[PDB]
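Engineer:
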Amino acid sequence: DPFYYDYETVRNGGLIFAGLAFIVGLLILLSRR
Amino acid sequence: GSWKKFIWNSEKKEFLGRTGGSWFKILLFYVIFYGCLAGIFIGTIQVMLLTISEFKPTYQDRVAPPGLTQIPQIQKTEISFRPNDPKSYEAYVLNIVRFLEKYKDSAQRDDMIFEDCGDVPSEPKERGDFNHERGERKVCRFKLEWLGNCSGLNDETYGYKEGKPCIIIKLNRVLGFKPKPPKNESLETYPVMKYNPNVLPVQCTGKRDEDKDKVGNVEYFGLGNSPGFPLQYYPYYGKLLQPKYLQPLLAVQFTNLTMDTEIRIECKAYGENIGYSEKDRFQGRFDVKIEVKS
Amino acid sequence: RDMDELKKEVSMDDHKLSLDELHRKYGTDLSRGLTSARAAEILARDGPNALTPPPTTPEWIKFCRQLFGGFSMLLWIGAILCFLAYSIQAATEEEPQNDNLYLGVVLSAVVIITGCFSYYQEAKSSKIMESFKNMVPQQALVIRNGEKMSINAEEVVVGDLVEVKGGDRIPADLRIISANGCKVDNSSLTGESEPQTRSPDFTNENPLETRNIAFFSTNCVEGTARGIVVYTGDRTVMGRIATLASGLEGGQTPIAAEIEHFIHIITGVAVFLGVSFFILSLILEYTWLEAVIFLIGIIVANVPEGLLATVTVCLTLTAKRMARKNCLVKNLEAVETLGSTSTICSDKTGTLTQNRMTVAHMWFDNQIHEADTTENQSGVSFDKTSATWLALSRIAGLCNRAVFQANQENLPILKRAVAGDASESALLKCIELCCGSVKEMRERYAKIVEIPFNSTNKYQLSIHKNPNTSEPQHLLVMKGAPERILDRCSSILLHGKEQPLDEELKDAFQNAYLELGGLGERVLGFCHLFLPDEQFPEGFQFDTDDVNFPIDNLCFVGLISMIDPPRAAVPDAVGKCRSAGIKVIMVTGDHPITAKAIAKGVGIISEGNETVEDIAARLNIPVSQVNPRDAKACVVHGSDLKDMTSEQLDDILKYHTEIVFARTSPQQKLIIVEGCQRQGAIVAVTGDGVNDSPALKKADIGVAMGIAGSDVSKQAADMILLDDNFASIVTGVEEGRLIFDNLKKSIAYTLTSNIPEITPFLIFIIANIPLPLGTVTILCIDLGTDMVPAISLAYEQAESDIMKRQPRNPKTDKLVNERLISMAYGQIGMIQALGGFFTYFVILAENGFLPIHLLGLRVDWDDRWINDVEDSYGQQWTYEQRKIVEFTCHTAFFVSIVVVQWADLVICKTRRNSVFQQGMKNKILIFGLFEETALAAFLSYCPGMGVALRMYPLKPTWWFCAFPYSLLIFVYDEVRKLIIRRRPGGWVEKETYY
Ligand SMILES: CCCCCCCCCCCCCCCCCC(=O)OC[C@H](COP(=O)([O-])OCC[N+](C)(C)C)OC(=O)CCCCCCCCCCCCCCCCC
Ligand SMILES: CC(C)CCC[C@H](C)[C@H]1CC[C@H]2[C@H]3CC=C4C[C@@H](OC(=O)CCC(=O)O)CC[C@@]4(C)[C@@H]3CC[C@@]12C
Ligand SMILES: CC(C)CCC[C@H](C)[C@H]1CC[C@H]2[C@H]3CC=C4C[C@@H](OC(=O)CCC(=O)O)CC[C@@]4(C)[C@@H]3CC[C@@]12C
Ligand SMILES: CC(C)CCC[C@H](C)[C@H]1CC[C@H]2[C@H]3CC=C4C[C@@H](OC(=O)CCC(=O)O)CC[C@@]4(C)[C@@H]3CC[C@@]12C
Ligand SMILES: CC(C)CCC[C@H](C)[C@H]1CC[C@H]2[C@H]3CC=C4C[C@@H](OC(=O)CCC(=O)O)CC[C@@]4(C)[C@@H]3CC[C@@]12C
Ligand SMILES: CC(C)CCC[C@H](C)[C@H]1CC[C@H]2[C@H]3CC=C4C[C@@H](OC(=O)CCC(=O)O)CC[C@]4(C)[C@@H]3CC[C@@]12C
Ligand SMILES: CC(C)CCC[C@H](C)[C@H]1CC[C@H]2[C@H]3CC=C4C[C@@H](OC(=O)CCC(=O)O)CC[C@]4(C)[C@@H]3CC[C@@]12C
Ligand SMILES: *[C@@H]1O[C@H](CO)[C@@H](O[C@@H]2O[C@H](CO)[C@@H](O)[C@H](O)[C@H]2NC(C)=O)[C@H](O)[C@H]1NC(C)=O
Ligand SMILES: *[C@@H]1O[C@H](CO)[C@@H](O)[C@H](O)[C@H]1NC(C)=O
Ligand SMILES: [K+]
Ligand SMILES: [K+]
Ligand SMILES: [K+]
Ligand SMILES: [Mg+2]
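So this is what it looks like as structure tokens:
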């Protein structure tokens, strides 16, 4: 089906990335205290 | 001051704080820098264009159900004219005349390009694959005589002089798209019309309940007996493999409108492939407002 | 005009008068005072005895003045044009389209919020006159109708008779006529706590130095006095000081002059781009709605919307960093000012000194011992082993009338209050810290007969019982002024032995005395005698009016010397300030001998460099026969400032490098600060007392001392040193120079991204192409993803050692110059714009619009009623089908700008050094790097964002379209810094270094 694109897969992958990158950046910021 | 000190202090020969060579060197730097940036931009554009196939676009999900349009290109879906006034309907008739130029039989008489297709609506025509593996393809030809009482081989105003106006409905071209008419359960679509397995059906009704009793009689003209698009024409292959492609049309005439009232009319196609939208008021469907002043 | 009149000396000619002229100039009969028929009439004639605060502007005027600050004007214009577009839109045909209403509301809220940010930065109008209104008493003590009564101090008139006792505050200025020696404390005028004996006789032409004028806001602390009022309220000397210090304007901070220079530059470029491309949209015949939408889009793209809030937050972080080093910063803009300062005009007593007289040196046994004059005992001691040390410990501990207070023993020795005088408590604290308690010795040596210091005999003496095995049975001990003490002595004490008197020791004694007096220090000598038992039995008593004990005590114990010593940190801090290029000037109310000795001790006057008088004494020449340009140090008495012209002061400040002013008035420090400021300087002023409060108000930054400081100076200051650590000043210089270098980088980071925001709108009107970027997604760039990476640059460290540089010029050496503009707009911004245009062309080519086909497609694409637009493959598009592709291009342009700002953040950390030499040891930078991309991916992929912001999901391979342009930015700036480092004065450093 060339007239269909699955946007929910890309949406879920982007939201998983957006959660993981934020938790990783906050762990980098709050290293010790 | 701002008169003689900052602009043209001439004891060190400076215009706005720079000498002549200090202007030349920075201008040479900037023309060289912008030349190198233009070179990098053109090179990256060419490497991107090497990934593009010239027979089929990369993505087709944003035109995925096509749109339905009507040929007198009007400005706010309004049609307003006085039939005893040949200046009010001039732009409408001129636009209809400029559209149906390439549908005259004096324009489809090549035989290496055009071909006499059927006279009954039929199955879609698959002409191979999208890869020039067979060069230019041929096009089924569309007779203007099938638009009868809305062609030009009669009165030359397409009905606008005698009250009853007429519009020409077409579907938006999508490459490789084959419309699927609704399957028989004898129920599915709405409400009832003459079912053909090779016609995409199209109906034009009144929008509100107060317009259903005022639109009067509606006449359809096209190929065949059941009102819609015949499926012979439909695997379109692009303007590289098929220039001079003629899409099928459907003429609709409103013969018994009521006068001095803006009437709202919705036209709509039905299929397994045809989708609708509340944000896009032209997808598989369109609306028009017709007022005949007298 | 009038406060220009307030900067003059006070004129009296009352102290030059006698008891007859006062009887008719004020009408007061000097024994009975005034009747209330005259006093209540003169009160209505002249004015009450009070001060009055100045007119203060309220808080809402000072807040609503912040709503027109340069960038706010262009944004108010944008918010007005948004409502104009909405009203021309939805009141002709289209009942949808509430898009241009919310945009105006957002632009109206952005102005209010950034006005709140710039209001917090404002310079905090404080209350000096309210602390001047607390040194006035509530009750006076007047003599009216032949008797005495205590009235309110606000109801004193010019002419009546006041009686002051020890403990009072003084209600007005008094010309005094009868006093049995009361001592006032004139620390409000001279900054000195040493009391002055007031007397009814004329002593000096200058009225600030005479004995018969008591002053307002001071306190007579002994005896009693009767005086006649000469001034009340605003006309007194300290009232005029209060009027001057509350009438002195603020002045513009140097950091504010840097903000109000690039506001000008950026507004000029924005106004030029806005009014030159709006008339092109009228030449080419747009409609008015499209012309104002284009104007809105070009205004929002030009203003760096979140920049002033970034500067406010960076200054707040630096001020909170300075507050953990006990350095409280009241006005925020004074964080920067200590870095760009070029002249420090310091005060001596209380600021450089410890304001406590203590023992400096001794002269035991024909040798000079130095003590440790430090408040935390950082130095080393002198001697505790010899016999004469224990002897003089006994002597200085027993001939002492001072005593401790009521049991504050938990607080340590050097800060316990005493009850006696300071000159004897200096002995008492040295004896107490170096030989245990003194009360044990004072009880075991019982006192039999004493007489304290008589002012015409120059010593103080006592007789004490010795209770131990030596037993002279009532030994003798005295102390006094050194030459009159060795007038009458012939036996010397050497390591506990007796030797006779030869001049072998006596010219050494006068050698030690001359060398000690050359240190500006107060020296006195001590004596004792082991009395025999031929005339002096046990139980015998001596009387204090005759001679029956020997006053020929052949004693010689030693000399002890006193000084107000420098603090622990000042000699290193003055050298650190001089090595950074700052000129340190001493300004004080003390006498020039102690002033010059302290200025040589702390290091303001260096070694080898000596004055004019040292030349004329070294060469035995009259001082008018030596060129004044020979010496490079000067000590200017304050009485010679009075007859000085404003351009001779410029000569003094111009030709010398080590300047000391002494006997300075409170008004004359203001003259000195303005004289340094006049020849283009940034002047810091450090102070502790009320007599520095005008000079703290005129200066670019005023630093007050926290513990030992007056309440008046803590209201007139911009900084408070909360632990009296003067070496924090040097630290305040260092982080002053660092934040000025960290601001540039952040400003450069916020200017570069302006360029892939302006050029979408220009190519829209030049090339007639579908619009690559919207206004909402421009606001999401700066108000969103740019705040944290710009704020993170304020944590960068120094690249070089910044205390080796000279101070920055104010006239040249701007914050934003032509080279930062050239680098941000002309070089990195163009690569950032090409990176976004490439991503724009990719998506349209992948949906079927080839780049040659997009030229001139603007009118048909924007047309709401053309619902068949042919692409490059022949497909026809409805209007809402291609607008989705356009908003996908808007989202991807936003993502591309986010991707190129990674490399822009990495190249903006350093200006000369590399990223491989400095490192990536900044954690908030990496947090900003992560959270910017997290916010972009959240905005792109969240459900419902296509309605609220018109943002659409991106396909996964469209995230990588701007990676080669970031790589180009990175390698280009690395190569540029390499050419800067290897050719240290060439063309690339002259063009691209900020
Ligand atoms: C992926 C690519 C990464 C690397 C690309 C970056 C290459 C360029 C380095 C970046 C900064 C620009 C430096 C190039 C010019 C330096 C010339 C020089 O050495 O100065 C010394 C020379 C010699 O002077 P000088 O150094 O000796 O200075 C004079 C003072 N004394 C004598 C004391 C040193 O400068 C000149 O005399 C005139 C220089 C002006 C030349 C006119 C413009 C030249 C065009 C070059 C543009 C290159 C940019 C290309 C764009 C790249 C696309 C990203
Ligand atoms: C190269 C250096 C500079 C580090 C790159 C940092 C970027 C944030 C990287 C991290 C992972 C990359 C991407 C990896 C794959 C996902 C696909 C997408 O989610 C999905 O499509 C999942 C569904 C599927 O893949 O089947 C969300 C964004 C994206 C492009 C990521 C966005 C961020 C990218 C470009
Ligand atoms: C810092 C600012 C001023 C730079 C941004 C301006 C852009 C570089 C402009 C210049 C003209 C625009 C475009 C106009 C159309 C051309 C067609 C293209 O050439 C082709 O058509 C290739 C067709 C072929 O292969 O024959 C070269 C780049 C491109 C997309 C241009 C890309 C860059 C645009 C957006
Ligand atoms: C879209 C992509 C292609 C561009 C992203 C650019 C990155 C910012 C690049 C620029 C240079 C790269 C790195 C090259 C090596 C250095 C070593 C490192 O140095 C140290 O910390 C060592 C300790 C010290 O030297 O003091 C500093 C960061 C780092 C990783 C750099 C961090 C940033 C990298 C990954
Ligand atoms: C001279 C320097 C600045 C760039 C040259 C090296 C780059 C690594 C080249 C190699 C191929 C180029 C591009 C070719 C394809 C594009 C679009 C996109 O990939 C596709 O083209 C897929 C589209 C399709 O499948 O039809 C994302 C990667 C990107 C930006 C590539 C990024 C890297 C480019 C510019
Ligand atoms: C320093 C940088 C920021 C400015 C230089 C970048 C320019 C925008 C580059 C990008 C692509 C270049 C050109 C490449 C060739 C085309 C063909 C030219 O004529 C045509 O339209 C094709 C002939 C036709 O079909 O009519 C239109 C503009 C033009 C796009 C481009 C105009 C802009 C150029 C000079
Ligand atoms: C592309 C749009 C979004 C505007 C951004 C383009 C840049 C602002 C252009 C405009 C003209 C260029 C430069 C043309 C030559 C001058 C010389 C020079 O100016 C001076 O230093 C002379 C005055 C002095 O030295 O006192 C540095 C800035 C500079 C203005 C310009 C800086 C800005 C450039 C790169
Ligand atoms: C198309 O138009 C023609 C007009 O020429 C219509 O033909 C007329 O129809 C009426 C009603 O049936 C007859 O009375 C006339 O005799 C017809 N004239 C001719 C010349 O045939 C025709 O009906 C129209 N077609 C429709 C409405 O389907
Ligand atoms: C219009 O004319 C047709 C002719 O048969 C008739 O059936 C219909 O009722 C008419 N409509 C109106 C609204 O008069
Ligand atoms: K902006
Ligand atoms: K100040
Ligand atoms: K910006
Ligand atoms: Mg002081």
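Chains as they are written, first to last, in the deposited numbering: chain C, 17 to 49; chain B, 10 to 303; chain A, 30 to 1023. Where a beta carbon is used, it is the ideal one built from N, C-alpha and C, also for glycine.
1) Look at residue 699 of chain A and residue 727 of chain A and say whether their C-beta atoms are less than 7 Å apart.
2) Cα-Cα, which of B:41, B:27, B:13, B:75 is closest to residue 291 of chain B?
3) How far does the alpha helix (DSSP H) with residue 128 of chain A in it extend, from its first residue to its last?
4) Evaluate residue 555 of chain A with the Cβ neighbour count: other Cβ atoms within 10 Å of its Cβ, from every protein chain shown; 16 or more gives buried, anything less gives exposed.
5) Is there a C-beta anywhere in chain B that falls below 7 Å from the one on residue 913 of chain A?
6) Near ligand 4, which residues have their beta-carbon less than 7 Å from any of its heavy atoms, given in chain order?
7) Please name the residues in the region 161 to 193 of chain B whose beta-carbon is closer than 7 Å to at least one beta-carbon of chain A, in chain order.
8) Is the beta carbon of residue 44 of chain A less than 7 Å from the beta carbon of residue 241 of chain A?
9) With 16 other CB atoms within 10 Å as the buried threshold, where does residue 73 of chain A fall?
10) Can you tell me where the beta strand (DSSP E) holding residue 238 of chain B begins and where it ends?
11) Looking only at DSSP bridge pairs, what is residue 527 of chain A linked to?
12) Quick one: does residue 71 of chain B have its CB under 7 Å from some CB of chain A?
13) Just reading off the beta strand (DSSP E) that residue 211 of chain A is part of, what are its end residues?
14) If you run the structure through DSSP and keep just helix, strand and coil, what is residue 551 of chain A?
15) Please list, following the chain, all residues that have a C-beta closer than 5 Å to any non-hydrogen atom of ligand 1.
16) Specify, as a first and last residue, the run of the alpha helix (DSSP H) that residue 426 of chain A falls within.
17) Listed in chain order, which residues of the region 895 to 926 of chain A have Cβ atoms closer than 9 Å to some Cβ of chain B?
18) Counting only the same chain and skipping the five closest in sequence on each side, list residues whose C-beta sits under 8 Å from that of residue 772 of chain A.
19) Quick check: the Cα distance between residue 1033 of chain A and residue 548 of chain A, rounded to an integer number of angstroms?
20) Can you tell me whether residue 899 of chain A is helix, strand or coil according to DSSP?
21) State yes or no: is the beta carbon of residue 992 of chain A nearer than 7 Å to at least one beta carbon in chain C?
22) State the Cα-Cα distance for the pair residue 890 of chain A and residue 798 of chain A, rounded to the nearest angstrom.
23) Flag residue 225 of chain B as yes when its Cβ comes closer than 6 Å to any non-hydrogen atom of ligand 9, and as no otherwise.
24) How far does the beta strand (DSSP E) with residue 208 of chain B in it extend, from its first residue to its last?
25) Check whether the Cβ atoms of residue 80 of chain A and residue 271 of chain A lie closer than 7 Å to each other.
26) For residue 875 of chain A, report the span of its alpha helix (DSSP H) as first-last.
27) Roughly how far, in whole angstroms, is the beta-carbon of residue 691 of chain A from the beta-carbon of residue 640 of chain A, given that I think they are within contact range, below 8 Å?
28) Reducing DSSP to helix, strand and coil, say where residue 165 of chain B ends up.
29) Step through the CB atoms of chain B and report whether any lies within less than 7 Å of the CB of residue 875 of chain A.
30) Which whole runs of the alpha helix (DSSP H) in the region 894 to 949 of chain A are 4 residues long or more, in chain order?
31) Taking all protein chains shown into account, do 16 or more other C-beta atoms lie within 10 angstroms of the C-beta of residue 735 of chain A, making it buried, or fewer, making it exposed?
32) Would you please state the rounded distance, in angstroms, between the beta carbons of residue 704 of chain A and residue 740 of chain A? I believe it to be under 8 Å.
33) Near ligand 12, which residues have their beta-carbon less than 6 Å from any of its heavy atoms, given in chain order?
34) So, does the CB of residue 970 of chain A fall closer than 7 Å to a CB anywhere in chain C?
Structural biologist: Answer, in terms of the structure:
1) Yes, they are a contact pair.
2) Nearest Cα to residue 291 of chain B within the set B:41, B:27, B:13, B:75: B:75.
3) Residue range 128 to 149 is occupied by the alpha helix (DSSP H) that includes residue 128 of chain A.
4) Around the Cβ of residue 555 of chain A, a 10 Å sphere holds 16 or more other Cβ atoms; the residue is buried.
5) Yes, its Cβ sits closer than 7 Å to a Cβ of chain B.
6) In chain order, the hits are A:928, A:931, A:932, A:935, A:944, A:945, A:946, A:947, A:948, A:949, A:950, A:992, A:995, A:996, A:999.
7) So the list reads 181, 182, 183, 184, given in the order they occur along the chain.
8) Contact flag set, yes.
9) It is exposed - the Cβ of residue 73 of chain A has fewer than 16 other Cβ atoms within 10 Å.
10) Its beta strand (DSSP E) spans residues 237 to 239.
11) Paired residue(s): A:522.
12) Residue 71 of chain B counts as touching chain A.
13) In the DSSP assignment, residue 211 of chain A falls within the unbroken beta strand (DSSP E) covering 211 to 214.
14) Correct three-state label for residue 551 of chain A: strand.
15) Around ligand 1, the residues whose beta-carbon falls short of 5 Å from at least one of its heavy atoms are B:34, B:37, B:38, B:41, B:42, B:45, A:1000, A:1001, A:1004, A:1005, A:1012, A:1014, A:1015, A:1016, given in chain order.
16) Secondary structure note for residue 426 of chain A: its alpha helix (DSSP H) is the uninterrupted segment 416 to 427.
17) In summary, the residues of the region 895 to 926 of chain A whose CB is separated from some CB of chain B by less than 9 Å are 895, 896, 897, 899, 900, 901, 902, 903, 904, 905, 906, 907, 908, 909, 910, 911, 913, 914, 917, in the order they occur in the chain.
18) Apart from the 5 residues on each side of it in sequence, residue 772 of chain A sits with its Cβ closer than 8 Å to the Cβ of 340, 343, 823, 844 in its chain, given in chain order.
19) Given a span of 30 to 1023 for chain A in the structure shown, any question on residue 1033 of chain A remains unanswerable.
20) Here residue 899 of chain A sits in strand by DSSP.
21) Not an interface residue.
22) The C-alpha of residue 890 of chain A lies about 9 Å from the C-alpha of residue 798 of chain A.
23) With a cut-off of 6 Å, the C-beta of residue 225 of chain B is classified as near ligand 9, since at least one heavy atom of the ligand falls inside that distance.
24) Residue 208 of chain B: member of the beta strand (DSSP E) spanning 208 to 215, first to last residue.
25) Yes, Cβ-Cβ distance for residue 80 of chain A and residue 271 of chain A is below 7 Å.
26) Here the alpha helix (DSSP H) through residue 875 of chain A covers 858 to 876.
27) The C-beta separation of residue 691 of chain A from residue 640 of chain A comes to about 12 Å, leaving the pair out of contact by the 8 Å criterion.
28) In the structure shown, residue 165 of chain B sits in coil (DSSP, three-state: anything other than H, G, I, E or B).
29) Interface residue, yes.
30) List check, alpha helix (DSSP H) in window: 908 to 936, 944 to 947.
31) The residue is buried, with at least 16 neighbouring Cβ atoms inside 10 Å.
32) Rounded, the Cβ-Cβ distance is 28 Å, inconsistent with contact.
33) After applying the 6 Å Cβ criterion, the set is A:333, A:779, A:782, A:783, A:811, A:815.
34) Closer than 7 Å to some Cβ of chain C, the Cβ of residue 970 of chain A qualifies, so yes.
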